[PDB]
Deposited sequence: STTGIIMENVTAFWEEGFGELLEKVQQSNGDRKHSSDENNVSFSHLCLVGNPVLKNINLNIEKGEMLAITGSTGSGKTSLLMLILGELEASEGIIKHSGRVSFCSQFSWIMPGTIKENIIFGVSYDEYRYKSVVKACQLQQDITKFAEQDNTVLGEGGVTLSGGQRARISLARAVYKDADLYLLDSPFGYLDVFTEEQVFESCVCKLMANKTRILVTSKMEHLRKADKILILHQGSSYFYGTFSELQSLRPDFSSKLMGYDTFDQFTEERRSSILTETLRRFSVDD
């Protein structure tokens, strides 16, 4: 399946705020849209890069696809299993391997292929028992990027038609993330429909389609080249840094926010 949204709007409802926490009642009382007039049309096998300002509705858009948020107006269409990799990297008690194949059946070629493309080999090779290493919930003594690669691997190992990847590339080990984006998202998953939330411009550059969000609104939908001509101010400033993508995630996101505020 591909995915289409035709003029979709979703309002704050009781619970969504608490769901997201993993005052809301005021937002629910005043009937405020969390997302307004969203359009997108992604074919089978394409990658959509979602970016925007902080708290612009990026995660909320994913929740709509998952059915955790209701589309009060408009048309959404997709079929098949979805696999969701949350910004929060959860880790269950058990080995690394058990965490990647959690609730699903081990297949040798599939496993090794996902391990390798998620750049996990460089990690497990530092441990005496490699992917048989036992973790506690939270996987608390690992780095953020290590937790995020195990969690991404878990999501990518699942056999689904649509992959939702919420901000996996947000940590300090920025060269590894560059390698993960190439080998996992661009190669291994080249023919899987996929939605990547991100604040790196390279990911926009390589995307089939682009969605920029600001304040629950679609600032821009289309291709990288349309961004460049249809949003010359935004693009000029964002392509203007020499290595924007190696800034911390907080800096990248604060530059996007400020830029979106400027050229609204």
ask   = Do you know which deposited regions have no coordinates at all?
value = 1-2, 25-41, 284-286
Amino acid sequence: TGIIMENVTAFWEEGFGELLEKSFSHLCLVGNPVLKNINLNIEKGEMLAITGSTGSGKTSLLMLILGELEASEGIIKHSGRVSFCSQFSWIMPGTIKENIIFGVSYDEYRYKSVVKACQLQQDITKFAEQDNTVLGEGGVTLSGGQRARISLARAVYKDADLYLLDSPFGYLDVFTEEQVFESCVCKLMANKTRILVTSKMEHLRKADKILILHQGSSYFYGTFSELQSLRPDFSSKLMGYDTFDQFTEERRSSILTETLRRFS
From here on, numbers count along this sequence of modelled residues.
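For clarity, a rigid core is taken as the largest C-alpha set superposing within 1.5 Å between two forms.
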request  = Between 86-94 and 136-144, pick out the one whose C-alpha positions differ more from the shown form in 6 other deposited structures of this protein, using the rigid core for superposition.
outcome  = 136-144
Per the entry, higher mean C-alpha B factor between 81-89 and 142-150 = 81-89
key: Of 215-223 and 196-204, the one with larger mean CA B-factor   = 215-223
request  = Would you mind checking which of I50, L29, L66, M47 has the top Cα temperature factor in the PDB entry?
outcome  = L29
key: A160 - which third its CA temperature factor falls in, relative to the rest of the chain   = middle
key: Chain-wide C-alpha B factor ranking for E98, given as lowest, middle or highest third   = lowest
query = Would the CA B-factor of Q130 place it in the lowest, middle or highest third of its chain?
reply = lowest
key: CA B-factor placement of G136, once the chain's modelled residues are sorted into thirds   = middle
request  = Report the third (lowest, middle or highest) to which the CA temperature factor of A71 belongs, ranking only the modelled residues of the same chain.
outcome  = highest
